[PDB]
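Engineer: Sharing a structure below in structure tokens format, with a few things to ask.
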Amino acid sequence: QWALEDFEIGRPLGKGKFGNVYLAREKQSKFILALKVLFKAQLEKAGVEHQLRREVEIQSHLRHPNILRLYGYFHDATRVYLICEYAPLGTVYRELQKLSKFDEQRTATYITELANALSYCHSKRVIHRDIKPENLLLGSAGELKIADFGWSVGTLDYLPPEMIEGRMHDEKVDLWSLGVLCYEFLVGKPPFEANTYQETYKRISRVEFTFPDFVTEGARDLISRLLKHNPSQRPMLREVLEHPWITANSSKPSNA
Ligand SMILES: Cc1cc(NC(=O)CCC(=O)c2ccc(F)c(C(F)(F)F)c2)ccc1-c1nn(C(C)C)c2ncnc(N)c12
Ligand SMILES: [Cl-]
Ligand SMILES: [Cl-]
Ligand SMILES: [Cl-]
């Protein structure tokens, strides 16, 4: 029992491939939220309508302060609407390009929030695909939120080798994801960035990257342990949260 006339639409927060995201206020309650608009024909011409459905299905069952809330959804004749938690402080992507790179304390805190969220997802038998900084939003107290759905049960920069090599993948993709982001947070660009898709593919498959001099031994150690070609050599999240560099630098308590 939901419709577009139920919401006052504010400014565009952002414009995406399959549609746009708007600030919105629910009329009866005055609840401020983010309304994401998707056009059916687009999703269909891309054949991802079913996948969207599955991801939204899995999202509904996810309650965690570091995961964007999905309040509900509906559709008219031509569009699909996702009613989402409004994240007032924008994306990590935008923060990174304003600050150039993050210090070790912001980085370890962000990694901790992600590991906690992912750890909660793992317990619910949920794993995440690609994790990109444009898909990490910031709450009012600047807490990080995983904002893209899917959730299992484009640029290659954030894909693990097993995914680009066409091998079997599991929850270990999440550990790779933390490794890539930890590096990007500290350095200001992901560790396999390149001018072409072709070069990036090679560099990921090879795990061919280097650290700038300013990256500390503690951070190199964590990143080197996450970015293992063999998914089975990657640590458990439980061990990311107890890493001495994480422990020494992060403001956020581990797990729960
Ligand atoms: C980043 C962000 C994400 C989301 N949720 C999604 O995007 C889920 C959709 C999805 O995963 C999907 C879509 C199509 C598709 F085909 C498939 C497939 F094929 F895989 F099935 C999957 C809602 C709001 C925002 C958001 N963005 N922003 C910026 C504009 C600052 C914001 N500023 C403030 N508050 C905000 N909430 C936001
Ligand atoms: Cl070569
Ligand atoms: Cl080379
Ligand atoms: Cl070479």
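Please note that chains go A, B, ... in the order of the structure tokens, that every chain numbers its residues from 1, and that ligands are numbered from 1 in the order shown.
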May I have the residues within 8 Å of range 77-93 of chain A as a list in words, using only C-alpha atoms and disregarding those fewer than 4 positions away in the same chain?

Structural biologist: residues 23, 32, 33, 34, 35, 36, 37, 38, 39, 40, 41, 68, 69, 70, 71, 72, 73, 97, 133, 134, 135, 136, 137, 138, 139, 140 and 142 of chain A

Engineer: How about saving the chosen residues, N, CA and C atoms kept, as a compact mmCIF listing (two decimals), in the first residue's frame?

Structural biologist:
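Below you can see out_18.txt, which holds the result:
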```txt
# COMPACT_ATOMS: atom_id res chain seq x y z
N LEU A 23 16.33 13.11 -2.21
CA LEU A 23 15.88 13.33 -0.85
C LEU A 23 14.36 13.37 -0.90
N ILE A 32 12.21 11.85 6.97
CA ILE A 32 13.14 12.15 5.90
C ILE A 32 13.87 10.88 5.48
N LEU A 33 13.98 10.67 4.18
CA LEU A 33 14.51 9.43 3.66
C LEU A 33 15.05 9.66 2.26
N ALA A 34 15.59 8.60 1.67
CA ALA A 34 16.13 8.68 0.32
C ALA A 34 15.32 7.77 -0.57
N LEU A 35 14.80 8.36 -1.63
CA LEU A 35 13.96 7.66 -2.57
C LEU A 35 14.77 7.35 -3.83
N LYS A 36 15.06 6.07 -4.08
CA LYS A 36 15.76 5.71 -5.31
C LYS A 36 14.81 5.19 -6.38
N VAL A 37 14.89 5.82 -7.55
CA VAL A 37 13.97 5.58 -8.64
C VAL A 37 14.62 4.74 -9.73
N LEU A 38 14.02 3.61 -10.07
CA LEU A 38 14.57 2.74 -11.11
C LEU A 38 13.54 2.48 -12.19
N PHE A 39 13.95 2.58 -13.44
CA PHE A 39 13.02 2.35 -14.54
C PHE A 39 13.04 0.88 -14.96
N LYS A 40 11.86 0.25 -14.89
CA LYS A 40 11.71 -1.16 -15.19
C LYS A 40 12.37 -1.55 -16.51
N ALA A 41 12.04 -0.82 -17.58
CA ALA A 41 12.52 -1.16 -18.92
C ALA A 41 14.04 -1.22 -18.98
N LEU A 68 23.05 0.36 5.20
CA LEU A 68 21.93 1.26 4.90
C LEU A 68 20.60 0.52 5.03
N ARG A 69 19.66 1.12 5.76
CA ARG A 69 18.35 0.53 5.96
C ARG A 69 17.52 0.59 4.69
N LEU A 70 16.85 -0.51 4.37
CA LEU A 70 15.84 -0.52 3.31
C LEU A 70 14.48 -0.55 4.01
N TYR A 71 13.76 0.56 3.97
CA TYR A 71 12.48 0.66 4.67
C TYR A 71 11.38 -0.08 3.90
N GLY A 72 11.42 -0.01 2.58
CA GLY A 72 10.42 -0.67 1.77
C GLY A 72 10.60 -0.34 0.31
N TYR A 73 9.61 -0.72 -0.49
CA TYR A 73 9.69 -0.49 -1.93
C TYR A 73 8.31 -0.60 -2.55
N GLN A 97 38.02 12.25 -2.17
CA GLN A 97 38.55 13.18 -3.16
C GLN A 97 38.62 14.60 -2.59
N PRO A 133 33.90 2.52 -2.83
CA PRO A 133 33.72 3.70 -1.97
C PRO A 133 32.50 4.58 -2.34
N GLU A 134 32.08 4.62 -3.60
CA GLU A 134 30.87 5.39 -3.94
C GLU A 134 29.63 4.73 -3.34
N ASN A 135 29.77 3.49 -2.89
CA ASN A 135 28.65 2.76 -2.32
C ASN A 135 28.72 2.68 -0.81
N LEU A 136 29.65 3.45 -0.24
CA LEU A 136 29.73 3.62 1.20
C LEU A 136 29.28 5.03 1.57
N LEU A 137 28.18 5.12 2.31
CA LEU A 137 27.60 6.40 2.67
C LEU A 137 27.93 6.71 4.13
N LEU A 138 27.65 7.94 4.55
CA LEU A 138 28.02 8.37 5.90
C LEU A 138 26.80 8.86 6.68
N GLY A 139 26.61 8.30 7.87
CA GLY A 139 25.50 8.69 8.70
C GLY A 139 25.72 10.07 9.30
N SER A 140 24.79 10.50 10.14
CA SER A 140 24.86 11.86 10.67
C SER A 140 26.07 12.04 11.59
N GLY A 142 28.72 10.52 11.05
CA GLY A 142 29.83 10.12 10.19
C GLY A 142 30.16 8.64 10.22
```

Engineer: Could you tell me, counting only C-alpha atoms and all ligand atoms, which protein and nucleic acid residues lie no more than 10 Å from ligand 3, written as a PyMOL selection string?

Structural biologist: chain A and resi 199-200+202-203+206+208

Engineer: Keeping only N, CA, C and O atoms, write the selected residues to a file as a PDB file, in the first residue's frame.

Structural biologist:
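To be explicit, this is the file written out as result08.pdb:
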```pdb
ATOM      1  N   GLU A 199      44.932  -3.831 -18.468  1.00  0.00           N
ATOM      2  CA  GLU A 199      46.044  -3.805 -17.524  1.00  0.00           C
ATOM      3  C   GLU A 199      45.581  -4.114 -16.093  1.00  0.00           C
ATOM      4  O   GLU A 199      46.278  -4.797 -15.326  1.00  0.00           O
ATOM      5  N   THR A 200      44.403  -3.615 -15.736  1.00  0.00           N
ATOM      6  CA  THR A 200      43.879  -3.795 -14.388  1.00  0.00           C
ATOM      7  C   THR A 200      43.605  -5.271 -14.126  1.00  0.00           C
ATOM      8  O   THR A 200      43.938  -5.809 -13.070  1.00  0.00           O
ATOM      9  N   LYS A 202      45.143  -7.800 -15.421  1.00  0.00           N
ATOM     10  CA  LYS A 202      46.420  -8.501 -15.246  1.00  0.00           C
ATOM     11  C   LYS A 202      46.945  -8.267 -13.842  1.00  0.00           C
ATOM     12  O   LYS A 202      47.407  -9.193 -13.176  1.00  0.00           O
ATOM     13  N   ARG A 203      46.859  -7.017 -13.399  1.00  0.00           N
ATOM     14  CA  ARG A 203      47.450  -6.631 -12.134  1.00  0.00           C
ATOM     15  C   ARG A 203      46.702  -7.291 -10.975  1.00  0.00           C
ATOM     16  O   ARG A 203      47.323  -7.717 -10.014  1.00  0.00           O
ATOM     17  N   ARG A 206      47.540 -11.101 -11.016  1.00  0.00           N
ATOM     18  CA  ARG A 206      48.888 -11.236 -10.486  1.00  0.00           C
ATOM     19  C   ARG A 206      49.009 -10.753  -9.031  1.00  0.00           C
ATOM     20  O   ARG A 206      50.011 -11.002  -8.380  1.00  0.00           O
ATOM     21  N   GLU A 208      49.566  -7.718  -8.437  1.00  0.00           N
ATOM     22  CA  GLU A 208      50.760  -6.915  -8.668  1.00  0.00           C
ATOM     23  C   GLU A 208      50.537  -5.480  -8.204  1.00  0.00           C
ATOM     24  O   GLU A 208      50.037  -4.663  -8.969  1.00  0.00           O
TER      25      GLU A 208
END
```

Engineer: Per DSSP on the backbone, what are the strand (DSSP E or B) residues of range 75-141 of chain A, as a PyMOL selection string?

Structural biologist: chain A and resi 75+79-84+91+127-128+136-138

Engineer: Would you please work out which residue, of A:255, A:245, A:209, A:219, is nearest to ligand 4 when using only C-alpha atoms and all ligand atoms?

Structural biologist: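 Closest to ligand 4, using only C-alpha atoms and all ligand atoms: A:209.
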
Engineer: Taking 4 positions as the minimum chain separation for residues in the same chain, which residues sit within 8 Å of residue 12 in chain A when counting only C-alpha atoms? Answer as an MDAnalysis selection string.

Structural biologist: chainID A and resid 20:23

Engineer: Pull N, CA, C and O atoms from the residues just selected and write them as a CSV table (one decimal), in the first residue's frame.

Structural biologist:
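Output (result35.csv):
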```csv
chain,number,residue,atom,x,y,z
A,20,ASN,N,17.6,7.6,-10.6
A,20,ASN,CA,18.1,8.7,-9.7
A,20,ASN,C,17.7,8.5,-8.3
A,20,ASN,O,16.8,7.8,-8.0
A,21,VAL,N,18.5,9.1,-7.4
A,21,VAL,CA,18.2,9.1,-5.9
A,21,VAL,C,17.8,10.5,-5.5
A,21,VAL,O,18.5,11.5,-5.8
A,22,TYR,N,16.7,10.6,-4.8
A,22,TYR,CA,16.2,11.9,-4.3
A,22,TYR,C,16.1,11.9,-2.8
A,22,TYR,O,15.7,11.0,-2.2
A,23,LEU,N,16.3,13.1,-2.2
A,23,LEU,CA,15.9,13.3,-0.8
A,23,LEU,C,14.4,13.4,-0.9
A,23,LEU,O,13.8,13.9,-1.9
```

Engineer: Excluding residue 66 in chain A and residues on its chain fewer than 2 positions from it, collect all residues at most 7 Å away from it, counting only C-alpha atoms, and give them as a VMD selection string.

Structural biologist: chain A and resid 64 68 113 to 114 117 143 to 146

Engineer: Once you have the residues from the selection above, write them out as a compact mmCIF listing (two decimals), in the first residue's frame, restricted to C-alpha atoms.

Structural biologist:
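Full text of result.txt as output:
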```txt
# COMPACT_ATOMS: atom_id res chain seq x y z
CA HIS A 64 22.91 -3.12 11.33
CA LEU A 68 21.93 1.26 4.90
CA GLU A 113 32.87 -0.66 10.87
CA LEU A 114 32.94 -2.62 7.60
CA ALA A 117 28.89 -5.16 9.29
CA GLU A 143 29.37 6.38 10.71
CA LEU A 144 29.96 4.34 7.59
CA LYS A 145 27.08 2.54 5.81
CA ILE A 146 27.13 -0.14 3.11
```

Engineer: If you run DSSP over the backbone, which residues in range 9-247 of chain A end up helix (DSSP H, G or I)? Put them as number ranges by chain.

Structural biologist: A: 40-45, 49-60, 92-99, 104-123, 133-135, 161-164, 173-187, 197-206, 217-226, 231-233, 237-240, 244-247

Engineer: Pick the closest to residue 118 in chain A from A:155, A:205, A:196, A:254: which is it, counting only C-alpha atoms?

Structural biologist: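 The closest residue to residue 118 in chain A is A:254.
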
Engineer: Write out as JSON, numbers by chain each polymer residue whose atoms come within 9 Å of residue 229 in chain A, counting only C-alpha atoms; drop sequence neighbours fewer than 3 positions from it.

Structural biologist: {"A": [160, 161, 162, 176, 204, 205, 206, 207, 226, 232, 233, 234]}

Engineer: Which of these residues is nearest to ligand 1, using only C-alpha atoms and all ligand atoms: A:119, A:100, A:51, A:250?

Structural biologist: A:51

Engineer: Which of these residues is nearest to residue 149 in chain A, using only C-alpha atoms: A:13, A:173, A:126, A:227?

Structural biologist: A:126

Engineer: For residue 129 in chain A, which residue out of A:177, A:216, A:107, A:59 is the nearest one, using only C-alpha atoms?

Structural biologist: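 The answer is A:177, which sits nearest to residue 129 in chain A.
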
Engineer: Just the residues within 9 Å of residue 187 in chain A, please, counting only C-alpha atoms, with nothing from its chain fewer than 3 positions along; format it as a list in words.

Structural biologist: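 That gives residues 100, 101, 102, 182, 183, 184, 190, 191, 211, 212, 214 and 215 of chain A.
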
Engineer: So which one's closest to residue 108 in chain A, A:166, A:14, A:188, A:253? Using only C-alpha atoms, please.

Structural biologist: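 Looking at the shortest contact to residue 108 in chain A, the residue is A:253.
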
Engineer: Rounded to one decimal place, report the CA of residue 18 in chain A-CA of residue 197 in chain A distance in Å.

Structural biologist: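 Taking CA of residue 18 in chain A and CA of residue 197 in chain A, their separation equals 22.5 Å.
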
Engineer: What does the structure give for the distance between CA of residue 185 in chain A and atom 9 (C, counted along the ligand's line) of ligand 1, in Å to one decimal?

Structural biologist: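 Atom 9 (C, counted along the ligand's line) of ligand 1 lies at a distance of 23.4 Å from CA of residue 185 in chain A.
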